[PDB]
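Heads up: the protein sequence lines correspond to chains X and R, in order. Residues in the first sequence are numbered consecutively from 1252, following the working numbering. Residues in the second sequence are numbered consecutively from 9, following the working numbering. Even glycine gets a Cβ: it sits at the ideal position worked out from N, Cα and C. Structure record follows, encoded as structure tokens.
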Amino acid sequence: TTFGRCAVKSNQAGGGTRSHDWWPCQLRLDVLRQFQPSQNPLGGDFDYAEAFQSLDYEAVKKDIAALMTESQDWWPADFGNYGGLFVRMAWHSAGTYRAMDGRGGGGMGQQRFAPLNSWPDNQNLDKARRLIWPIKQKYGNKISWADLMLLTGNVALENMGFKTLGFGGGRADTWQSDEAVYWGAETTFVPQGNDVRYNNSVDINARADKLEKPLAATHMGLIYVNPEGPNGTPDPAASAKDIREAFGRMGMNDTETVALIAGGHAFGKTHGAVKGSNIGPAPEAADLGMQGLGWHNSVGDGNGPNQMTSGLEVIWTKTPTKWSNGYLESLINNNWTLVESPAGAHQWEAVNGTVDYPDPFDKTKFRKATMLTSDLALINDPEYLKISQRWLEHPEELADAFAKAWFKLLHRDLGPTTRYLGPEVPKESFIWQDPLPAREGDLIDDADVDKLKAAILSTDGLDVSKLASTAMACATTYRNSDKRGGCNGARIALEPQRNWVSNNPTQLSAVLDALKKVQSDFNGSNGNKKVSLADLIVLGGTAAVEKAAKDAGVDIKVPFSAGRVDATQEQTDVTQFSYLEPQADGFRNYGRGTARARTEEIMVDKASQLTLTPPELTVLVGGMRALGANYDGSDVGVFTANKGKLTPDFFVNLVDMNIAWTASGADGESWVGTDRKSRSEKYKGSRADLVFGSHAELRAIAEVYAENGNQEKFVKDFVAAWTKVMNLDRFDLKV
Amino acid sequence: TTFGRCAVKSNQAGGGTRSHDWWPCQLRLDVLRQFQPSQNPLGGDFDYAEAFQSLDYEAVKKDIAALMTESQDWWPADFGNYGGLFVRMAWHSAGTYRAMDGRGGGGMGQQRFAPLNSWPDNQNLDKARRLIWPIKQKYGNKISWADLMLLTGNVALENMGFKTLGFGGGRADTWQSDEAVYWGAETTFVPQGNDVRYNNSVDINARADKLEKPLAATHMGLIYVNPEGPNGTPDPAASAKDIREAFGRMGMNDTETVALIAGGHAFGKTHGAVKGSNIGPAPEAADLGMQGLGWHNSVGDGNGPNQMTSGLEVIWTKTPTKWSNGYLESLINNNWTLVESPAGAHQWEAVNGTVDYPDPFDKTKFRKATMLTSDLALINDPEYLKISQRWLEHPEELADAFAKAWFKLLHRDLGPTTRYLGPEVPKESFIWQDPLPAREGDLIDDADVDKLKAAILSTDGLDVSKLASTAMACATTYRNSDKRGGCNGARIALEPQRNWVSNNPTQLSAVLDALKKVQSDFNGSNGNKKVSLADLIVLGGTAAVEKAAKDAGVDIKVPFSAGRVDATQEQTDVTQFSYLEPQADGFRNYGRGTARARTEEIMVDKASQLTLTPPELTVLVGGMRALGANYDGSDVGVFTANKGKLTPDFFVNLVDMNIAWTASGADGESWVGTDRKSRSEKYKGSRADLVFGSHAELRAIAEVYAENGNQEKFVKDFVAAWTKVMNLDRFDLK
Ligand code: HEM
Ligand code: HEM
């Protein structure tokens, strides 16, 4: 078979040519159908946080520590200690994170599913996960796989003599492969897997800063970089440039990068004992006897001294089970020669070095010092060299930076600190956690909420359209992958969001100033009760939705949950927040897509990050149009003569056959609706508008809301979806 | 570019290389994740039957009838009447049904989604669905698209002079493409789309009866056969062989087949006015301006006299808006010559015939008679000719056969008669409805249930394992695609099921005889109360599950719903039921895979037909193993020392790393589990067993049930899944 095709064509269980085969360019809704409660064996009403709070956390860590030195005959431990392997397992779990889109990381425990379970860089971590299973079996639902993989690495470091800052749990497991992540477009893995992401450039120094966005690895199938140098060329200088690019795409700076690599490579070793032709299929391609494992090695028992993982055979320190400064000392104080491992791969050896690096299965036999090309990178770049030279003589500074970087790596996608669970959460707050202050004052009650809604709606310069638009602009910065963004913090009032062109800065300024007058009037006239700007932004949109429903003939309660706080600019990092800036926004008819992602594809991707189903996406868009909630107040998509009233007029008018739609410019972004009988232009629409009348599955939902009869249902469903979106980041509240 | 690949590679919304790309042979669970309640815009709570029964049904029909003659300028009506178009719409919705697997048909309204919305043979039915949308708009949730597409064809026949038997509603809408159906493996549509289904044979006579199972169309993208003959060869005799094969695979016999074709082709016309180069992309490939329509025709306004659908230009009768015998009269009385339509397709013309066939847009202009190659088939086969000859002389017989066959076409995937809604459900019971009687005596209550459970669990020949096995064997015949099978009717006790090898006939006979003893003891000694064998089979299994739970240390009420009836053998056609016989049954460790599908694939397919989610499939298999419920009573997969007790031992032992699993048979079906320490063989497993420890998503669920502390959860989840499966056919309780 060619790529993506099985040689046997199944006739069961979804076998056969499928719609995506015939029409591969059509928009797919798959990413809005993942992670559904039916699919979760634990039930939709399972509360991980509540289960983890009953965990005997201390006993978990004790049992992990014990397991580190209990070698299992099916995968013997190097030096009698799985620590190194476990550190690698946790670092690869967390290490797929990309800062730009916030995807990857360890927070969904996705290493245990395709494709990550079978990436080349994850070779033999199937064995690592299997070794820790008995811990999961003992503790059951009270620790997730997601938390356990990372806790295991953290405990491993501590038991090998490196004290970490602490740990937070809170990562609920997921139950299917996350097929929403764009890992690249290549049709091959490392050693290939990177023509597309370099746009066919092969000049390894020149291309290193030209890696396709948002990717954070130099080949499909790798965590960050190729350990044998760029495209396998053993040039440490050029490897350094790759490392900078890749780690930068993961949200790490130079200090963090050197700390992580020199910290991690204090421990363990690589494996490259036998040629790769001896290694069987990865877990997703292996036979049923492998029972979820892969890479079966036919030499010997395939393990112990015959272990083959990367094809390199490097032991960095003389004490691979104990924290030390041996990595930097070897790196800088040895002379390096290029040699081949037993499997044939490029590495470096100190061929006149001391013969005192221990063998992993013989306590009396030794070898010379070795390094990877990607380790030599750290003394073949001026910035990395300065850091390496400083830490060579000041290892406490390495230790400090490593502790902080390791914490950040494990917890980058955990979200706000209100998500962090367990008895050793670090007390220090860090900028990457998007910190929030404690609240000013006592919490407003329902009577205060009712008075503030009336005050907001009677304030000059505030109307239903602007209020709803502003609240949604603030809310849709949320992304579920790394739990960043949302309305808490009022970060729309801060840089960079206050200047995002998609927020219409001049309008936003006037809206916020009017909310700050409501705030000033309330605060100080209600005793100890005080209201934040964050709550007023959300309450103003809430009030607008309620009023728009009443003005459509429907009296409905629009729920509001008080208690958001206002971030400071010092808690709001410009670079980090720039990554949340939309290039197109279908809720507010802003912007457009590009060749490789169309306007409506961006919208569906955004909806996946908001955890919206297809019906919730569809009701929100149509309600936002009815509300006149475009970012600049345009009439594009505003297919209603009742603007500000919460009706399904967008749907009704979109599917009216007396309107004919035609393209207005060259790029397919703008569309005109013409009345067929009168020949007069009636409407202007965008792709975000018209996809709901074109995609067969979305149109089926559009038709529900356009049905004579479902008018009350439209309001009910809009209000439910609004409430969901406003509350996504409310981890401070429970249930 | 490459088949199945977009030239532009999106980086959003699921764009990028995907796990199914890297490992295309791996088992996929997608078919267990369809039709989820969160996807349904109506809500999970929505009850279609209740909505329909409040529908002003007569008014719907009245509005359809009026629409028929309300020509719309964007798709003008041939002869001023949309009736033929609407009949075609209905017939194509219902016409994808395959009897053998029970898939396709109109019962899910799938014509409105990919791929059916864009099949060649459904060209311009996008316009037909759009013309009826104002009816759907007016009546809302109270009539589904699925019901409305078929009702519209029904009403069209009645408003063109053809009285049907009646109609039943009840088809709830679905909300995504059904990607579980095997339509074929070809990577092209008609005019190609058939190398795989004929195994590369191009010998049109010899291959006709060799069409790949369970397919029911001669090319990918067609409803039944090619109207231009086999592979476009204009040979009516060969076309007849394809028709018999395809219609046979749809459950229709020779009389049904002629009745459907000659009945349908009373009405309307084909469209072939301009060449195919003038036609734009199908709906799934069309630009946003098309707003779900496709096949834009660039000649004139693309419509009216320029309509292009199939490429053929045939008008069968002189009165295309009114029922007549003109189809058979023309077919038999004319001399036919092969000609080209304006689009270049070949068709047949009576070149010396009368010039009295009406033009669809000009009341002063006329043409000669025409027919398709597939129409001439009916007088170029001995059995079809005999039928055509008889009905030429006795057209009432065609009308009676067409009424009956049309009713069967539209309703056979609707399920049991208890699902049929509305005021004109035909009174005649038909064998293809798998009919069921009304109940005997008064309904058992919970006191009677308690007495019966205690008797069943202490009767000669019965035990936990046997009862659980027997109840699951009867239940897993259910298939949601056409709502056939299940436990209602006690058809496991009838032919052919009572002699299926998968049911272990000698053990089944001893189980059934024991349950019939319990029945006989209860019936007649409880006044007018009577209990059915069907209730006893399910009650027995349910009681067994409850006891097995108790013995595992969990006290749980296992709910039982009484009221099933016993079917008679007269109501149980043996050929019809042969289509429910499983190739493999993973719940009971029966069977093996084929050259096309592995054992575990068949299991996931079955689970999809049961509407199971991946946790429900997993829990059931592991519980059935704990129960010792294999079809043959073997120890394969029975990884427990406590057989008959509802523990999660299957999972615990499957994931024990002290066991190494290796292949035993050449065929990949058998596996041995060896203790790594002692080197002793401990277990035998199947593929249905071991897949739960291999597939990463299934294994994640197996792990949950293997975890300390989850023994109660295992029982709870097993009981919920058991209850769901036992009750799948209980449409009488709705
Ligand atoms: C430029 C970045 C890095 C590269 C290219 C790299 C490459 C590698 C390779 C090739 C192996 C050997 C796998 C095998 O054959 O078993 C490995 C092992 C390992 N790496 Fe890294 N690494 C990087 C960063 C990290 C970081 C950031 C950490 C953790 C903080 C880490 C911790 C480890 C550990 C502990 C092992 C030893 C595993 C064992 O003993 O089995 N590395 N690394
Ligand atoms: C051997 C089986 C059959 C074949 C090959 C076949 C073929 C076709 C073709 C090629 C068209 C023309 C589509 C177009 O160009 O507009 C058509 C139209 C039509 N068919 Fe059939 N047909 C079959 C069976 C049936 C059946 C079973 C029915 C209904 C009971 C039916 C009812 C209709 C009607 C009413 C039209 C006219 C549509 C209009 O007026 O727009 N056909 N058929």
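So that I know if they touch, is there some Cβ in chain X lying closer than 7 Å to that of residue 787(R)?
This structure cannot speak to residue 787(R), because chain R is shown only from 9 to 742.
Can you find a heavy atom of ligand 3 that lies under 6 Å from the Cβ of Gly1514(X)?
Ligands in the displayed structure: ligand 1 and ligand 2; ligand 3 is not one of them.
Three-way DSSP call (helix, strand, coil) for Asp1272(X) in this model:
helix
Chain X contact for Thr648(R) (CB, 7 Å cutoff)
Cβ-Cβ to chain X under 7 Å: no for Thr648(R).
Alpha carbon to alpha carbon, how far is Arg1839(X) from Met1875(X)?
7 Å
Quick one: using the 10 Å Cβ neighbour count with 16 as the cut-off for buried, is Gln355(R) buried or exposed?
Buried, because 16 or more other Cβ atoms sit within 10 Å of the Cβ of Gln355(R).
Under 7 Å Cβ-Cβ, which residues of chain X neighbour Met665(R)?
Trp1325 and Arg1381
Whole-angstrom distance between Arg1950(X) and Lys1526(X), CA atom to CA atom
55 Å
So for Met258(R), helix, strand or coil by DSSP?
coil
If you draw a straight line from the C-alpha of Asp1733(X) to the C-alpha of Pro443(R), how long is it?
55 Å
On a Cα-Cα basis, can you pick out the residue from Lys721(R), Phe121(R) and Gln118(R) that is closest to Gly561(R)?
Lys721(R)
Cross-strand partners of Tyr1841(X) (DSSP beta bridge):
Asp1836(X)
Hey, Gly334(R) and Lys326(R): beta-carbon distance below 7 Å or not?
yes
With DSSP run on the structure shown, which of helix, strand or coil describes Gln355(R)?
strand
Where the beta strand (DSSP E) containing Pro45(R) begins and where it ends:
From DSSP, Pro45(R) is part of no beta strand (DSSP E); its letter is neither H nor E.
Identify the continuous alpha helix (DSSP H) that holds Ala1656(X) and give its terminal residues.
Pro1646 to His1662
Collapsed DSSP secondary structure at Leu1861(X) in the structure displayed:
coil
Report whether the distance from the Cβ of residue 797(R) to the nearest heavy atom of ligand 2 is below 6 Å.
An answer regarding residue 797(R) cannot be provided, because it is not within the stretch 9 to 742 covered by chain R.
Identified DSSP bridge partners for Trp669(R)
Answer by DSSP bridge pairing, in chain order: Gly681(R).
So does the segment 1814–1825 of chain X actually touch the segment 1687–1695 of chain X, counting three or more Cβ pairs closer than 8 Å?
yes
Given this structure, state the Cα-to-Cα distance separating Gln1290(X) from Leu625(R), to the nearest angstrom.
11 Å
So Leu35(R) and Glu608(R) are in contact, right, with Cβ under 8 Å, and what is the actual spacing, rounded?
6 Å
Between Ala1397(X) and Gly1335(X), which are expected to be in contact by the criterion C-beta below 8 Å, what is the C-beta distance as a whole number of angstroms?
The C-beta distance from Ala1397(X) to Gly1335(X) rounds to 21 Å, too long to meet the 8 Å contact threshold.
With contact counted as at least three CB pairs below 8 Å, one residue from each stretch, are the segment 1517–1526 of chain X and the segment 1544–1558 of chain X in contact?
yes
Given 6 Å as the limit, tell me if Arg257(R) has its C-beta closer than that to any heavy atom belonging to ligand 2.
no
Less than 8 Å between C-beta atoms, sequence neighbours within five positions excluded: which residues of the same chain meet that for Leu393(R)?
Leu386 and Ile387.
Taking C-beta pairs closer than 8 Å, name the residues in chain A that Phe1828(X) reaches, listed in chain order.
Here the protein chains are X and R, and chain A is not one of them.
Would you say the beta carbon of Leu1336(X) comes nearer than 6 Å to a heavy atom of ligand 1?
Yes, Cβ of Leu1336(X) sits closer than 6 Å to a heavy atom of ligand 1.
Closer than 7 Å to chain X by CB, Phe121(R)
At least one beta carbon of chain X lies nearer than 7 Å to the beta carbon of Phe121(R).
Can you round the beta-carbon distance between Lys692(R) and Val644(R) to whole angstroms, since I take them to be within the 8 Å contact cut?
5 Å
First and last residue of the uninterrupted beta strand (DSSP E) at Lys1967(X)
That residue, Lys1967(X), is in no beta strand (DSSP E); its alpha helix (DSSP H) goes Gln1962 to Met1977.
Of the listed residues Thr1974(X), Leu1511(X) and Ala1795(X), nearest to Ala1650(X) (C-alpha basis)
Nearest of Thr1974(X), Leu1511(X) and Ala1795(X) to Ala1650(X), Cα basis: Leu1511(X).
Does the beta carbon of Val629(R) fall short of 6 Å from some heavy atom of ligand 2?
no
Using a threshold of 7 Å, state whether the C-beta atoms of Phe87(R) and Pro328(R) are closer than that.
yes
May I ask you to report which of helix, strand or coil DSSP gives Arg487(R)?
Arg487(R): strand per DSSP, three-state reduction.
To the nearest angstrom, how far is the alpha carbon of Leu165(R) from that of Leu75(R)?
Rounded to whole angstroms, the gap between the alpha carbons of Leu165(R) and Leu75(R) is 14 Å.
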